[PDB]
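A short write-up of the structure that comes next.
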Amino acid sequence: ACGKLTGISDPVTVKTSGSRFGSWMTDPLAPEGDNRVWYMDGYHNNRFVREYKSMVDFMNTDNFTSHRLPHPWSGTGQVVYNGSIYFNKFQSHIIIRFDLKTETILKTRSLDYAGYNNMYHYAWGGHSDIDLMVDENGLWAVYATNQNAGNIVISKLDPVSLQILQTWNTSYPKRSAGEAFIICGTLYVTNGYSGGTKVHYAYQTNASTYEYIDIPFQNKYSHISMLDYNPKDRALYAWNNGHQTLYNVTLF
Ligand SMILES: *[C@@H]1O[C@H](CO)[C@@H](O)[C@H](O)[C@H]1NC(C)=O
Ligand SMILES: *[C@@H]1O[C@H](CO)[C@@H](O)[C@H](O)[C@H]1NC(C)=O
Ligand SMILES: *[C@@H]1O[C@H](CO)[C@@H](O)[C@H](O)[C@H]1NC(C)=O
Ligand SMILES: *[C@@H]1O[C@H](CO)[C@@H](O)[C@H](O)[C@H]1NC(C)=O
Ligand SMILES: [Ca+2]
Ligand code: NA
């Protein structure tokens, strides 16, 4: 059921909470009936991940468990996959795989040549240099390098070893992307983080081709600091100026 993105539905406000900037997500490999929510407020100087027991508890309570990571993250580009959080260690291009339910670092590895420290942030800033994400095919990193002139680089990653399995060099400047997400092996890039937001560029990893496109999506609360696709519920999770929102998508 994989296909090209053709539409993004109007976003639902799941929660109003937190600072202007952050991330929230569910695990796409969590089993039926498990919709724990993982929540990270801020883009620097925070090592605590909130765990809400379910999407209902997230929407209707302020009850959560607080998980202490071994290091603070940078940015809002974390992802949860098969029970681990993958995140960018502060002030580095290191990725950490941390197994949430055993409080164990399972792997650390540098992401070769990636910029960090607000070098190749998305346009919103916030130390968003390295964005990790999951689609139907597995785990990916979206970043940039000096050898690719600050243009977005995509790598498919091994979720256990953190080694790069394949890399694609796009020609789109990462600092000009508001955010980005991958659906079915295609990178979709937004035009900005404020005002009238749209997906306006797509890079297809299956063919190493790109195009400019125009798929609007509602910036509901004025500023978007996190936007990722989840293949389990086929939705975009966003952090929109202190609100946690969710968009359905339409694929061809
Ligand atoms: C909050 O969650 C904890 C852990 O699941 C639980 O022990 C506690 O009863 C919850 N609080 C309420 C008011 O339900
Ligand atoms: C998820 O982790 C379990 C072990 O906890 C493993 O058996 C399974 O293969 C993993 N799934 C994927 C898709 O990697
Ligand atoms: C990406 O670009 C870098 C810098 O030019 C180059 O070293 C590398 O081989 C490229 N990788 C691919 C898969 O094109
Ligand atoms: C997505 O669509 C389904 C129905 O197909 C609906 O149950 C769900 O609430 C929708 N989610 C959002 C965020 O609109
Ligand atoms: Ca993203
Ligand atoms: Na991410």
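A note on labels: chains of the structure tokens are A, B, ... as shown, every chain counts residues from 1, and ligands are counted from 1 in their shown order.
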Could you list, as an mmCIF file with N, CA, C and O atoms, in the first residue's frame, all residues that come within 12 Å of ligand 1? Count only C-alpha atoms and all ligand atoms.
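The resulting file, selection-v3.cif, is reproduced below:
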data_model
loop_
_atom_site.group_PDB
_atom_site.id
_atom_site.type_symbol
_atom_site.label_atom_id
_atom_site.label_comp_id
_atom_site.auth_asym_id
_atom_site.auth_seq_id
_atom_site.Cartn_x
_atom_site.Cartn_y
_atom_site.Cartn_z
ATOM 1 N N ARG A 36 1.811 3.553 23.827
ATOM 2 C CA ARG A 36 2.616 4.432 24.680
ATOM 3 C C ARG A 36 3.114 5.621 23.891
ATOM 4 O O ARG A 36 3.499 5.493 22.725
ATOM 5 N N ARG A 50 9.628 11.669 28.788
ATOM 6 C CA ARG A 50 8.395 11.234 29.418
ATOM 7 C C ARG A 50 7.820 10.049 28.661
ATOM 8 O O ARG A 50 7.904 9.985 27.431
ATOM 9 N N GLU A 51 7.267 9.096 29.407
ATOM 10 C CA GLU A 51 6.503 7.975 28.871
ATOM 11 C C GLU A 51 5.090 8.036 29.437
ATOM 12 O O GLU A 51 4.900 7.926 30.652
ATOM 13 N N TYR A 52 4.108 8.242 28.565
ATOM 14 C CA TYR A 52 2.706 8.116 28.935
ATOM 15 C C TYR A 52 2.222 6.739 28.511
ATOM 16 O O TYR A 52 2.601 6.251 27.448
ATOM 17 N N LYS A 53 1.389 6.128 29.340
ATOM 18 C CA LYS A 53 1.073 4.715 29.180
ATOM 19 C C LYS A 53 0.287 4.431 27.917
ATOM 20 O O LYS A 53 0.286 3.284 27.441
ATOM 21 N N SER A 54 -0.418 5.416 27.387
ATOM 22 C CA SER A 54 -1.268 5.207 26.230
ATOM 23 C C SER A 54 -1.600 6.568 25.648
ATOM 24 O O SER A 54 -1.392 7.612 26.275
ATOM 25 N N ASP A 57 -4.117 8.228 27.908
ATOM 26 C CA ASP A 57 -3.487 8.836 29.082
ATOM 27 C C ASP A 57 -2.741 10.121 28.694
ATOM 28 O O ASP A 57 -2.721 11.090 29.449
ATOM 29 N N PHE A 58 -2.089 10.129 27.531
ATOM 30 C CA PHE A 58 -1.416 11.325 27.049
ATOM 31 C C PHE A 58 -2.403 12.471 26.874
ATOM 32 O O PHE A 58 -2.132 13.601 27.274
ATOM 33 N N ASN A 60 -5.419 12.878 28.275
ATOM 34 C CA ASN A 60 -6.363 13.120 29.362
ATOM 35 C C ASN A 60 -5.718 13.200 30.743
ATOM 36 O O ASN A 60 -6.437 13.379 31.739
ATOM 37 N N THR A 61 -4.398 13.080 30.851
ATOM 38 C CA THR A 61 -3.775 13.110 32.152
ATOM 39 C C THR A 61 -2.438 13.808 32.050
ATOM 40 O O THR A 61 -1.889 14.023 30.956
ATOM 41 N N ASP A 62 -1.908 14.173 33.194
ATOM 42 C CA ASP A 62 -0.520 14.573 33.279
ATOM 43 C C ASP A 62 0.249 13.555 34.125
ATOM 44 O O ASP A 62 1.113 13.899 34.937
ATOM 45 N N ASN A 63 -0.056 12.268 33.914
ATOM 46 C CA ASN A 63 0.636 11.171 34.574
ATOM 47 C C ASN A 63 1.594 10.494 33.604
ATOM 48 O O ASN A 63 1.178 9.986 32.558
ATOM 49 N N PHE A 64 2.867 10.477 33.961
ATOM 50 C CA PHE A 64 3.867 9.868 33.105
ATOM 51 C C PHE A 64 5.009 9.361 33.958
ATOM 52 O O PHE A 64 5.151 9.741 35.119
ATOM 53 N N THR A 65 5.798 8.474 33.362
ATOM 54 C CA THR A 65 7.047 8.004 33.920
ATOM 55 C C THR A 65 8.176 8.788 33.264
ATOM 56 O O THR A 65 8.170 9.014 32.054
ATOM 57 N N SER A 66 9.178 9.170 34.051
ATOM 58 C CA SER A 66 10.306 9.956 33.552
ATOM 59 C C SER A 66 11.544 9.079 33.437
ATOM 60 O O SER A 66 12.035 8.553 34.448
#
Could you give me the residues within 6 Å of ligand 4, counting only C-alpha atoms and all ligand atoms, as a CSV table (one decimal) with N, CA, C and O atoms, in the first residue's frame?
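Resulting contents of part32.csv:
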chain,number,residue,atom,x,y,z
A,11,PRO,N,-4.9,18.9,10.8
A,11,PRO,CA,-4.3,18.3,12.0
A,11,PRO,C,-5.3,18.3,13.1
A,11,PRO,O,-6.0,19.3,13.3
A,12,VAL,N,-5.2,17.3,13.9
A,12,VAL,CA,-5.9,17.2,15.2
A,12,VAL,C,-5.0,17.6,16.3
A,12,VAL,O,-3.8,17.1,16.3
A,246,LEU,N,-1.4,15.9,15.1
A,246,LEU,CA,-1.3,14.7,14.3
A,246,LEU,C,-2.1,14.9,13.0
A,246,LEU,O,-3.3,15.3,13.0
A,247,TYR,N,-1.5,14.6,11.9
A,247,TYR,CA,-2.0,14.7,10.5
A,247,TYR,C,-2.2,13.3,9.9
A,247,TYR,O,-1.2,12.6,9.7
A,248,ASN,N,-3.4,13.0,9.4
A,248,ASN,CA,-3.5,11.9,8.4
A,248,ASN,C,-2.9,12.3,7.1
A,248,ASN,O,-2.9,13.5,6.7
Which residues are near residue A:164? Cut-off 12 Å, only C-alpha atoms, ignore same chain within fewer than 3 positions. Put them as a ChimeraX atom specification. /A:95,109-114,139-142,153-161,167-168
Selection above as a file: N, CA, C and O atoms, as a PDB file, in the first residue's frame:
ATOM      1  N   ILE A  95      25.051   9.161  17.332  1.00  0.00           N
ATOM      2  CA  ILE A  95      23.729   8.588  17.544  1.00  0.00           C
ATOM      3  C   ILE A  95      23.850   7.571  18.657  1.00  0.00           C
ATOM      4  O   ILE A  95      24.791   6.763  18.674  1.00  0.00           O
ATOM      5  N   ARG A 109      27.328   5.410  18.007  1.00  0.00           N
ATOM      6  CA  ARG A 109      28.148   5.482  16.821  1.00  0.00           C
ATOM      7  C   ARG A 109      28.050   6.868  16.219  1.00  0.00           C
ATOM      8  O   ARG A 109      26.982   7.440  16.100  1.00  0.00           O
ATOM      9  N   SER A 110      29.182   7.382  15.779  1.00  0.00           N
ATOM     10  CA  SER A 110      29.184   8.615  15.008  1.00  0.00           C
ATOM     11  C   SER A 110      28.527   8.416  13.651  1.00  0.00           C
ATOM     12  O   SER A 110      28.678   7.367  13.017  1.00  0.00           O
ATOM     13  N   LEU A 111      27.785   9.434  13.221  1.00  0.00           N
ATOM     14  CA  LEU A 111      27.186   9.481  11.894  1.00  0.00           C
ATOM     15  C   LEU A 111      28.197  10.183  10.992  1.00  0.00           C
ATOM     16  O   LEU A 111      28.371  11.403  11.059  1.00  0.00           O
ATOM     17  N   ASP A 112      28.873   9.397  10.158  1.00  0.00           N
ATOM     18  CA  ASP A 112      30.034   9.857   9.401  1.00  0.00           C
ATOM     19  C   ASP A 112      29.761  11.185   8.706  1.00  0.00           C
ATOM     20  O   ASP A 112      28.821  11.314   7.924  1.00  0.00           O
ATOM     21  N   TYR A 113      30.633  12.149   8.960  1.00  0.00           N
ATOM     22  CA  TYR A 113      30.683  13.432   8.278  1.00  0.00           C
ATOM     23  C   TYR A 113      29.499  14.353   8.574  1.00  0.00           C
ATOM     24  O   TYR A 113      29.426  15.453   8.009  1.00  0.00           O
ATOM     25  N   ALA A 114      28.556  13.959   9.413  1.00  0.00           N
ATOM     26  CA  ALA A 114      27.390  14.801   9.649  1.00  0.00           C
ATOM     27  C   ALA A 114      27.770  16.076  10.379  1.00  0.00           C
ATOM     28  O   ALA A 114      28.518  16.058  11.368  1.00  0.00           O
ATOM     29  N   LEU A 139      14.986   2.235   9.484  1.00  0.00           N
ATOM     30  CA  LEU A 139      15.547   3.419  10.136  1.00  0.00           C
ATOM     31  C   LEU A 139      16.409   4.221   9.174  1.00  0.00           C
ATOM     32  O   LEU A 139      17.236   3.667   8.453  1.00  0.00           O
ATOM     33  N   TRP A 140      16.267   5.548   9.275  1.00  0.00           N
ATOM     34  CA  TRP A 140      16.949   6.496   8.416  1.00  0.00           C
ATOM     35  C   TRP A 140      17.508   7.666   9.215  1.00  0.00           C
ATOM     36  O   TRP A 140      16.975   8.023  10.265  1.00  0.00           O
ATOM     37  N   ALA A 141      18.575   8.266   8.684  1.00  0.00           N
ATOM     38  CA  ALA A 141      19.081   9.556   9.157  1.00  0.00           C
ATOM     39  C   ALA A 141      19.029  10.575   8.027  1.00  0.00           C
ATOM     40  O   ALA A 141      19.401  10.271   6.884  1.00  0.00           O
ATOM     41  N   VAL A 142      18.578  11.779   8.378  1.00  0.00           N
ATOM     42  CA  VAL A 142      18.506  12.918   7.474  1.00  0.00           C
ATOM     43  C   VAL A 142      19.370  14.010   8.085  1.00  0.00           C
ATOM     44  O   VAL A 142      19.163  14.382   9.243  1.00  0.00           O
ATOM     45  N   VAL A 153      21.621  15.034   3.090  1.00  0.00           N
ATOM     46  CA  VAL A 153      22.105  13.681   2.866  1.00  0.00           C
ATOM     47  C   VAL A 153      21.145  12.749   3.603  1.00  0.00           C
ATOM     48  O   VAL A 153      20.729  13.028   4.733  1.00  0.00           O
ATOM     49  N   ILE A 154      20.800  11.629   2.956  1.00  0.00           N
ATOM     50  CA  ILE A 154      19.921  10.602   3.522  1.00  0.00           C
ATOM     51  C   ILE A 154      20.769   9.351   3.667  1.00  0.00           C
ATOM     52  O   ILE A 154      21.425   8.945   2.705  1.00  0.00           O
ATOM     53  N   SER A 155      20.747   8.737   4.845  1.00  0.00           N
ATOM     54  CA  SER A 155      21.320   7.403   4.970  1.00  0.00           C
ATOM     55  C   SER A 155      20.326   6.433   5.588  1.00  0.00           C
ATOM     56  O   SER A 155      19.619   6.761   6.549  1.00  0.00           O
ATOM     57  N   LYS A 156      20.303   5.229   5.042  1.00  0.00           N
ATOM     58  CA  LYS A 156      19.625   4.114   5.677  1.00  0.00           C
ATOM     59  C   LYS A 156      20.572   3.524   6.707  1.00  0.00           C
ATOM     60  O   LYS A 156      21.755   3.323   6.418  1.00  0.00           O
ATOM     61  N   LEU A 157      20.074   3.299   7.910  1.00  0.00           N
ATOM     62  CA  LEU A 157      20.902   2.816   9.010  1.00  0.00           C
ATOM     63  C   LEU A 157      20.494   1.419   9.454  1.00  0.00           C
ATOM     64  O   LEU A 157      19.304   1.076   9.488  1.00  0.00           O
ATOM     65  N   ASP A 158      21.492   0.653   9.898  1.00  0.00           N
ATOM     66  CA  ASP A 158      21.229  -0.616  10.575  1.00  0.00           C
ATOM     67  C   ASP A 158      20.759  -0.298  11.992  1.00  0.00           C
ATOM     68  O   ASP A 158      21.480   0.395  12.726  1.00  0.00           O
ATOM     69  N   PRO A 159      19.580  -0.768  12.421  1.00  0.00           N
ATOM     70  CA  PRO A 159      19.067  -0.363  13.741  1.00  0.00           C
ATOM     71  C   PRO A 159      19.812  -0.964  14.903  1.00  0.00           C
ATOM     72  O   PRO A 159      19.564  -0.540  16.052  1.00  0.00           O
ATOM     73  N   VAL A 160      20.672  -1.953  14.671  1.00  0.00           N
ATOM     74  CA  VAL A 160      21.442  -2.576  15.739  1.00  0.00           C
ATOM     75  C   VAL A 160      22.858  -2.027  15.769  1.00  0.00           C
ATOM     76  O   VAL A 160      23.329  -1.558  16.800  1.00  0.00           O
ATOM     77  N   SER A 161      23.549  -2.042  14.634  1.00  0.00           N
ATOM     78  CA  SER A 161      24.944  -1.600  14.619  1.00  0.00           C
ATOM     79  C   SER A 161      25.103  -0.096  14.436  1.00  0.00           C
ATOM     80  O   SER A 161      26.205   0.430  14.680  1.00  0.00           O
ATOM     81  N   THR A 167      23.703   5.585   1.267  1.00  0.00           N
ATOM     82  CA  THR A 167      23.605   7.029   1.373  1.00  0.00           C
ATOM     83  C   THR A 167      23.176   7.618   0.042  1.00  0.00           C
ATOM     84  O   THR A 167      23.549   7.107  -1.012  1.00  0.00           O
ATOM     85  N   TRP A 168      22.378   8.685   0.102  1.00  0.00           N
ATOM     86  CA  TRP A 168      21.994   9.467  -1.065  1.00  0.00           C
ATOM     87  C   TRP A 168      22.307  10.925  -0.786  1.00  0.00           C
ATOM     88  O   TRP A 168      21.914  11.449   0.265  1.00  0.00           O
TER      89      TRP A 168
END
If the limit is 7 Å from any atom of ligand 6, counting only C-alpha atoms and all ligand atoms, which residues qualify? Return them as a list in words.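 Using only C-alpha atoms and all ligand atoms, everything at most 7 Å from ligand 6 comes to residues 76, 77, 78, 79, 131, 132, 133 and 228 of chain A.
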For the residues in the current selection, export N, CA and C atoms as a short mmCIF file (atom, residue, chain, number, x, y, z; two decimals), in the first residue's frame.
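Output contents, as saved in selection.cif:
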data_model
loop_
_atom_site.label_atom_id
_atom_site.label_comp_id
_atom_site.auth_asym_id
_atom_site.auth_seq_id
_atom_site.Cartn_x
_atom_site.Cartn_y
_atom_site.Cartn_z
N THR A 76 15.23 17.95 17.98
CA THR A 76 13.93 17.32 18.15
C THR A 76 13.80 16.10 17.23
N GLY A 77 14.93 15.59 16.74
CA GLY A 77 14.93 14.59 15.69
C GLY A 77 15.00 13.16 16.18
N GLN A 78 14.59 12.89 17.40
CA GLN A 78 14.65 11.54 17.93
C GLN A 78 13.60 10.65 17.25
N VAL A 79 13.78 9.34 17.40
CA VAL A 79 12.77 8.39 16.98
C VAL A 79 12.78 7.20 17.92
N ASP A 131 18.21 14.32 11.95
CA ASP A 131 16.83 13.87 12.15
C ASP A 131 16.78 12.37 11.84
N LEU A 132 16.43 11.59 12.84
CA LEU A 132 16.29 10.15 12.72
C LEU A 132 14.83 9.79 12.58
N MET A 133 14.51 8.80 11.73
CA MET A 133 13.10 8.54 11.47
C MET A 133 12.94 7.12 10.96
N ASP A 228 7.41 14.20 11.84
CA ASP A 228 7.87 12.90 11.37
C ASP A 228 6.66 12.04 11.04
#
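A distance search around ligand 5 (6 Å at most, only C-alpha atoms and all ligand atoms) returns the following protein and nucleic acid residues: residues 131, 179, 180, 181, 226, 227 and 228 of chain A.
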I need the chosen residues saved as a compact mmCIF listing (two decimals), in the first residue's frame, with N, CA and C atoms.
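Heads up, here's the output in selection-v7.txt:
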# COMPACT_ATOMS: atom_id res chain seq x y z
N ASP A 131 18.21 14.32 11.95
CA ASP A 131 16.83 13.87 12.15
C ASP A 131 16.78 12.37 11.84
N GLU A 179 11.57 21.21 7.78
CA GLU A 179 11.57 19.90 8.41
C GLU A 179 11.49 18.92 7.24
N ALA A 180 11.54 17.63 7.57
CA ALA A 180 11.47 16.60 6.54
C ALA A 180 11.01 15.28 7.16
N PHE A 181 10.44 14.44 6.32
CA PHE A 181 9.97 13.14 6.75
C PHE A 181 10.04 12.18 5.56
N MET A 226 8.99 20.02 14.91
CA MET A 226 9.17 18.58 14.74
C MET A 226 8.06 18.07 13.85
N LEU A 227 8.41 17.18 12.92
CA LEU A 227 7.45 16.64 11.98
C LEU A 227 8.02 15.33 11.47
N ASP A 228 7.41 14.20 11.84
CA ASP A 228 7.87 12.90 11.37
C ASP A 228 6.66 12.04 11.04
Pick out the residues no farther than 10 Å from ligand 2, counting only C-alpha atoms and all ligand atoms, and list them as a list in words. residues 28, 29, 30, 81, 82, 83, 84, 99, 137, 138, 139, 158, 159 and 160 of chain A
Taking only C-alpha atoms and all ligand atoms into account, which residues are within 9 Å of ligand 3, as a list in words?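 Protein and nucleic-acid residues within 9 Å of ligand 3: residues 145, 146, 147, 148, 149, 153, 166, 167, 168, 169 and 170 of chain A.
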Env of residue A:5: 12 Å cut, atoms = only C-alpha atoms, seq-sep filter 5 positions within chain, self excluded. Answer as a PyMOL selection string. chain A and resi 181-189+199-204+213-216+229+234-236+248-252
Selection near residue A:125, 10 Å with only C-alpha atoms, sequence-local residues under 2 positions removed, as a list in words: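 Listed by chain and then number, they are residues 43, 75, 117, 118, 119, 120, 121, 122, 123, 127, 128, 129, 175, 178, 193 and 225 of chain A.
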Convert the current residue selection to file output with C-alpha atoms, as a PDB file, in the first residue's frame.
ATOM      1  CA  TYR A  43      15.994  20.889  22.054  1.00  0.00           C
ATOM      2  CA  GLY A  75      17.369  18.871  18.558  1.00  0.00           C
ATOM      3  CA  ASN A 117      25.790  22.082  16.685  1.00  0.00           C
ATOM      4  CA  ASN A 118      23.469  24.264  14.456  1.00  0.00           C
ATOM      5  CA  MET A 119      25.620  23.805  11.367  1.00  0.00           C
ATOM      6  CA  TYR A 120      22.988  22.125   9.172  1.00  0.00           C
ATOM      7  CA  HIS A 121      19.908  22.591  11.277  1.00  0.00           C
ATOM      8  CA  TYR A 122      16.568  22.747   9.625  1.00  0.00           C
ATOM      9  CA  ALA A 123      15.425  26.324   9.109  1.00  0.00           C
ATOM     10  CA  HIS A 127      20.286  22.110  17.001  1.00  0.00           C
ATOM     11  CA  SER A 128      18.148  20.123  14.514  1.00  0.00           C
ATOM     12  CA  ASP A 129      21.127  19.029  12.435  1.00  0.00           C
ATOM     13  CA  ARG A 175      19.032  24.978   6.292  1.00  0.00           C
ATOM     14  CA  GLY A 178      11.582  23.603   7.534  1.00  0.00           C
ATOM     15  CA  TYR A 193       8.507  26.389   9.805  1.00  0.00           C
ATOM     16  CA  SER A 225       9.714  22.325  15.355  1.00  0.00           C
TER      17      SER A 225
END
Could you give me the residues within stretch 27-248 of chain A that DSSP places in helix (DSSP H, G or I), as a ChimeraX atom specification? /A:55-60,174-176
For a test of reading the model, state the distance in Å between atom CA of residue A:87 and atom CA of residue A:44, rounded to one decimal. 12.0 Å
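We find atom CA of residue A:15 and atom CA of residue A:55 to be spaced 9.9 Å apart.
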Neighbouring residues of residue A:72 were defined as those with any atom within 8 Å, considering only C-alpha atoms; residues of the same chain fewer than 6 positions away were excluded. Please report them as a list in words. residues 44, 45, 46, 47, 48, 89 and 90 of chain A
Let's have the selection written as a tab-separated table (two decimals), in the first residue's frame, with C-alpha atoms.
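After the write, again.tsv holds the following:
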chain	number	residue	atom	x	y	z
A	44	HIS	CA	18.92	21.16	24.48
A	45	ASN	CA	19.98	20.65	28.10
A	46	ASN	CA	17.32	18.01	28.79
A	47	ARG	CA	17.97	14.31	29.35
A	48	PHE	CA	14.47	13.27	30.50
A	89	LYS	CA	23.94	13.02	21.69
A	90	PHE	CA	24.38	16.66	22.65
Long-range neighbours of residue A:195 as a VMD selection string, 9 Å cut-off, only C-alpha atoms, 4 positions minimum in chain: chain A and resid 219 222 to 223
Could you write out the selected residues, including N, CA and C atoms, as a PDB file, in the first residue's frame?
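This went into part01.pdb:
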ATOM      1  N   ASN A 219      -0.357  24.824   9.218  1.00  0.00           N
ATOM      2  CA  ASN A 219       0.392  25.218  10.406  1.00  0.00           C
ATOM      3  C   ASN A 219      -0.662  25.719  11.378  1.00  0.00           C
ATOM      4  N   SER A 222       1.368  28.056  14.471  1.00  0.00           N
ATOM      5  CA  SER A 222       2.272  29.119  14.006  1.00  0.00           C
ATOM      6  C   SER A 222       3.737  28.733  13.839  1.00  0.00           C
ATOM      7  N   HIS A 223       4.208  27.733  14.549  1.00  0.00           N
ATOM      8  CA  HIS A 223       5.621  27.335  14.482  1.00  0.00           C
ATOM      9  C   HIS A 223       5.720  25.830  14.581  1.00  0.00           C
TER      10      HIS A 223
END
What separation in Å, quoted to one decimal, exists between atom CA of residue A:3 and atom CA of residue A:197?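 We find that atom CA of residue A:3 and atom CA of residue A:197 lie 22.0 Å from each other.
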I need the residues of stretch 67-196 of chain A that end up classed as strand (DSSP E or B) by DSSP on the backbone, written out as number ranges by chain. A: 67-68, 73, 79-81, 84-89, 94-99, 104-110, 114, 131-135, 138-145, 151-157, 164-173, 180-183, 186-190, 194
May I ask which of the residues A:124, A:80, A:242, A:150 is the closest one to residue A:35, counting only C-alpha atoms?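 Closest to residue A:35 of all the choices is A:80.
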Pick from A:49, A:56, A:96, A:134, whichever lies nearest to residue A:232 using only C-alpha atoms: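 The answer is A:134, which sits nearest to residue A:232.
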